[PDB]
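Here is the structure we will look at, set down as structure tokens.
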Amino acid sequence: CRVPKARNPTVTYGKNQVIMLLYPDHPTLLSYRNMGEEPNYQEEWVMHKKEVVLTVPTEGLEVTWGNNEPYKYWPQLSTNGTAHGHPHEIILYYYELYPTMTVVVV
Amino acid sequence: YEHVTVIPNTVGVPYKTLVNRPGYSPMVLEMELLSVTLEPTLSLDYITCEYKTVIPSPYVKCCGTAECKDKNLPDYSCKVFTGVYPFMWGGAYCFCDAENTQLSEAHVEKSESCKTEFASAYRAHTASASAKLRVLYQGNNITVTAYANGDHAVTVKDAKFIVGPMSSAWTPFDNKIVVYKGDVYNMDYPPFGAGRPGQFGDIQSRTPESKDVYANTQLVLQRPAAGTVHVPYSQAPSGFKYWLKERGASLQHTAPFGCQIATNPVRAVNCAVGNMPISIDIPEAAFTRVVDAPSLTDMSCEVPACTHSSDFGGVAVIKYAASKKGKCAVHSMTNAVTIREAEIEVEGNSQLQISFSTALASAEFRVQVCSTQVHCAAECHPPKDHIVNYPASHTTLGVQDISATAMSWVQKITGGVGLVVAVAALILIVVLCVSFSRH
Amino acid sequence: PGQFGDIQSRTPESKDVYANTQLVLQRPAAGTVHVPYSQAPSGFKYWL
Amino acid sequence: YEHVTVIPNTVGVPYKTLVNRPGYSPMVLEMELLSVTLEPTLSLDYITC
Amino acid sequence: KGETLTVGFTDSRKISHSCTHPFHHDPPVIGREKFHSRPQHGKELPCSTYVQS
């Protein structure tokens with residue numbers, strides 16, 4: 001049987017975050033899983049234009065939109081702070097990348 | 001020469017292994033998993049499909065009394081109703097309107113559709129894990145396919161490859177699975193012959209073609225409407241149809257470690273779990289003696305740019321003086337920095353350019369080239385982008401110890417505090433020494 | 001794309017038109033001669 | 001790469017800015033205002049003659 | 001889609017005959033999208049049909 005493929009979503013990125021704007025014509029299933037030990041599978045049906053914000057773990061996130069082939073996303077070690085320079089710029093750099101270790105070590 | 005290394009089971013990621021055979025120039029082999037398949041052994045328990053209810057024309061016996069006998073059909077039920085006075089299109093069924101009875105019977109059979117639309121309940125055991133590996137050997141791209149059990153060696157280009165056993169026995173498939181068409185589900189399906197009405201497995205058979213059918217539909221015959229000959233009943237709707245509507249997500253969408261699930265045969269593909277030992281028997285022809293190999297001197301390294309983008313965002317340029325024209329292997333001496341190129345060409349007095357990937361905020365590493373090493377370092381910048389569609393080519397940062405340079409602030413503070421302690425300790429020691437001598 | 005102002009012009013009669021619809025052409029299949037594409041729906045209709 | 005600068009509103013005087021994008025050769029742009037117009041919105045009160 | 005099914009025909013006397021019987025009709029979803037008609041462009045998945053033979 002022939003089945004439709006939902007329109008490509010508009011995608012923007014944030015820190016460890018993927019933001020999608022969905023454009024369904026008809027009810028479309030959206031689902032995603034983590035690619036690590038605990039997939040934390042979640043799914044929802046979307047019957048209208050919607051903005052969905054997904055969190056991306058270190059191991060990466062896989063997202064399936066309708067009948068489209070799945071998308072895979074991985075985070076980069078981006079910062080608003082910087083390495084080197086002033087001591088406070090260095091702490092911000094490491095805090096943003098490793099907020100758990102930074103607090104414990106400091 | 002037998003070379004043994006271990007690589008991660010992550011698929012689509014190349015790994016570099018350095019072959020070190022004394023007396024010969026160092027060689028680097030590049031290996032990448034293209035596919036890893038975990039194929040479980042299955043044993044069919046039973047088939048679940050839609051049932052059909054069979055109802056033969058009711059026997060209407062007026063004036064006298066009807067009766068029936070027990071039958072051995074899968075879910076047979078029989079009842080006789082009294083006081084019935086049914087009508088047909090042309091008038092009353094028969095002469096007398098009193099002391100009449102109707103005999104109704106019904107049973108359950110597997111639908112003809114069970115040959116096409118059904119779910120198979122399997123028991124799963126161990127998996128015959130196997131993988132397809134890409135190897136860069138002597139500059140050539142070759143592939144092998146073998147079972148990941150440390151056996152079934154495959155020889156290509158006179159090189160014998162042994163893969164496995166797998167470091168992990170983990171599988172996305174549990175002991176009891178159900179396979180609809182292209183979908184596989186993990187569910188504790190009921191024991192054969194113990195199915196329940198309105199639920200998956202309400203009707204069961206060992207094979208699609210079998211005549212041995214179990215059914216539990218709670219089929220109950222009801223009294224017909226007055227003046228009619230129809231046969232009413234109360235029966236639970238097929239549990240197969242309910243299951244199809246309530247299947248939920250299949251393992252293809254819910255499995256851990258990014259496993260891809262395929263059927264016919266049932267298998268898990270490219271699960272990022274554990275690692276895979278690889279043993280290669282390398283022909284002597286593949287080794288060049290250090291006396292025959294090119295030798296490099298007066299080597300130095302600079303880094304025009306470095307970004308820890310996770311995609312070979314670093315570039316390094318190494319100047320060398322070669323004794324003669326030839327090829328040299330290149331390998332990183334640290335796990336923090338990975339070099340994209342496995343080998344380079346050297347001629348006369350020139351420079352080579354290589355790319356690298358690191359998680360380090362500042363790169364400090366040594367690069368090994370044919371019988372020589374050069375120390376190379378530079379500050380690295382963060383990427384502008386937050387998200388990518390590929391896995392990092394480098395390894396993790398690891399335990400703090402590899403943090404950014406220009407960390408002299410840590411040493412200055414630690415040293416400043418340590419110095420204050422050392423001085424205070426000395427002052428106390430001197431006073432204690434004087435106090436000790438005095439009595 | 002998909003938002004109010006996805007298509008803009010200074011005046012109703014102007015020939016100077018800005019557009020950002022993320023129009024992507026897709027491959028045809030099964031011997032057909034159609035020209036499939038993926039494009040964000042008008043942000044004007046969505047806004048309305 | 002988004003580069004943000006501020007220049008004086010003096011017209012006919014060129015200003016240069018350096019674009020520093022790590023990993024790439026430094027780029028220099030030159031900007032000059034040729035004209036700046038401040039056009040007030042007016043509402044007519046009356047005509048006298 | 002509907003909740004009832006009606007079938008009928010015209011008689012030799014030009015009299016209409018029909019029979020209405022309750023029936024829940026709501027076909028299963030094939031794939032991950034709910035559509036009301038087959039598209040010009042799309043993907044193909046396994047399904048079951050009745051053969052015209």
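No lab work stands behind these numbers, since they all come straight from the coordinates. Reconstructed Cβ throughout: ideal geometry from the backbone, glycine too, with neighbour counts over all protein chains shown.
All C-alpha pair distances within segment B:1-108, sorted into 10 Å bins from zero, spread as 10, 20, 13, 8, 6, 7, 8, 10, 9, 6, 3, 0 percent across the bins.
Across peptide A:29-39, the average count of Cβ atoms from other chains found within 10 Å of a residue's Cβ is 5. Annotation: amide H of A:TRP65 within the under-5 Å range of A:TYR71, sequence separation 5 or more or interchain, hydrogens built in the peptide plane. Note down the Stokes-Einstein diffusion coefficient of segment B:231-290 in µm²/s, whole number, using a Kirkwood radius over alpha carbon pairs, 25 °C, and 0.890 mPa s. Translational diffusion coefficient: 142 µm²/s. Here r is the Cβ-Cβ distance between B:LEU73 and A:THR100 and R0 is 51 Å; the resulting FRET efficiency, rounded to 0.05, is 0.15. Here, P(r) means the percent of Cα pairs in each 10 Å bin from 0 to the largest distance; for chain C it is 25, 36, 26, 12, 1. The percentage of C-alpha pairs in chain A whose separation is greater than 16 Å is 65%. Charges on Cβ only, +1 for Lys and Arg, -1 for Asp and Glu, centred on the Cα centroid of segment B:254-311; of B:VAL291, B:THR254, B:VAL273, which one is farthest towards the dipole's positive end? Of the options given, the answer is B:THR254. Quick check on my link table: of B:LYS52/B:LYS176; B:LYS52/B:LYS245; A:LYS5/B:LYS115; B:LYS110/B:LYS176; A:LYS72/B:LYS241, which ones sit more than 25 Å apart, alpha carbon to alpha carbon? From the list (B:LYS52/B:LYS176; B:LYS52/B:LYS245; A:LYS5/B:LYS115; B:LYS110/B:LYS176; A:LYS72/B:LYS241), the Cα-Cα distance tops 25 Å for B:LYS52/B:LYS176; A:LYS5/B:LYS115; A:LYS72/B:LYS241. Each listed q (0.08, 0.09 Å⁻¹) maps to a log10 I(q)/I(0) for the protein assembly as shown, found by the Debye formula over equal Cα scatterers with no solvent: -0.94, -1.08.
Here the gap between B:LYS176 and B:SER437, fully extended at 0.36 nm per residue and compared with their Cα-Cα distance, gives a gain of 85.6 nm. The distance linking chain D with segment B:52-114 is 96 Å (Cα centroid to Cα centroid, whole angstrom). Each of A:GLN76, A:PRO57, A:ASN40 was scored by the projection of its Cα onto the charge dipole of segment A:37-101, and the greatest displacement toward the positive side belongs to A:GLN76; charges sit on the C-beta of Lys, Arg, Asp and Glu.
For segment B:13-87, the set of GluC sites (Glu not before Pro) satisfying both a DSSP loop assignment and a count of at most 11 other C-beta atoms within 10 Å is given as B:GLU67. Taken about its Cα centre, the protein assembly as shown carries a charge dipole of about 820 debye when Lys and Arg each add +1 at the Cβ and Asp and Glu each add -1 at the Cβ. Taking the number of Cβ atoms within 10 Å of each Cβ as an exposure proxy, the fewest-first ranking of B:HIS381, A:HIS48 is A:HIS48, B:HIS381. Run the Debye formula on the Cα coordinates of segment B:106-150, all scatterers equal and no solvent, and tell me log10 I(q)/I(0) at q = 0.14 1/Å. Computed log10 I(q)/I(0) values: -0.65.
In whole angstrom, note down how far apart the Cα centers of segment B:303-333 and segment B:175-240 are. About 68 Å separates the Cα centre of segment B:303-333 from the one of segment B:175-240.
A simple charge model with +1 on the Cβ of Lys and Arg, -1 on the Cβ of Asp and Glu and nothing else charged puts the dipole of segment B:205-250 at about 80 debye relative to its Cα centre. The label point for A:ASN40 and the one for C:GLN8, both projected 7 Å from the Cα toward the Cβ, are 3.7 nm apart. Pairwise inverse Cα distances across segment B:312-439, averaged and inverted, put the Kirkwood hydrodynamic radius at 18.6 Å.
What is the angle, in °, between the Cα long axis of helix B:408-437 and the longest principal axis of the Cα atoms in chain B? Nearest 10 is fine, range 0 to 90. That works out to roughly 70 degrees.
Here the ratio of the Cα radius of gyration of chain E to 2.2 N^0.38 Å is 1.73. Our coupling estimate for segment D:35-48, obtained by passing each phi through the Karplus curve with A = 6.51, B = -1.76, C = 1.60 and θ = phi - 60°, is 7, 10, 10, 10, 10, x, 8, 10, 10, 5, 8, 6, 10, 10 Hz, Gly and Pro reported as x. Within segment B:397-418, whose backbone N sits under 19 Å from a point 7 Å along Cα→Cβ of B:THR334? Under cut-off, by backbone N: B:397-411. Specify the longest stretch of chain B that does not include any exposed loop site, a site being one of the chymotrypsin sites (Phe, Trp or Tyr not before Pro) with a non-H, G, I, E, B DSSP assignment and at most 12 other Cβ atoms within 10 Å. Between exposed loop sites, the widest span is B:96-439.
Take the Cβ-Cβ distance between B:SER43 and B:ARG366 as r, set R0 to 60 Å, and report the resulting FRET efficiency rounded to the nearest 0.05. Taking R0 as 60 Å, the efficiency between B:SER43 and B:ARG366 is 0.65.
Taking every residue in E:41-52 and counting other chain Cβ atoms within 10 Å of its Cβ, the average works out to 5. Computed on the Cα atoms alone, the convex hull of chain B gives a volume of 318 cubic angstrom per residue.
Rounded to the nearest 0.05, what FRET efficiency do D:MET27 and A:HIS86 give with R0 = 22 Å and r taken as the Cβ-Cβ distance? Could you check? The calculated FRET efficiency here is 0.25. Running Debye on segment B:203-321 with equal point scatterers at the Cα sites and no solvent, what base-10 log of I(q)/I(0) appears at q = 0.20 Å⁻¹? Values, matching the q order: -1.21.
Can you pull the Rg over Rh of segment B:326-391, Cα-only, Kirkwood?
Value, to two decimals: 1.03.
Averaged over the residues of B:399-411, the number of partner chain Cβ atoms lying within 10 Å of the residue Cβ comes to 3.
Rounded to the nearest 20 debye, the dipole magnitude of segment A:46-106 is 160 debye, with +1 charges on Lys and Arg beta carbons, -1 on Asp and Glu beta carbons, and the Cα centre as origin.
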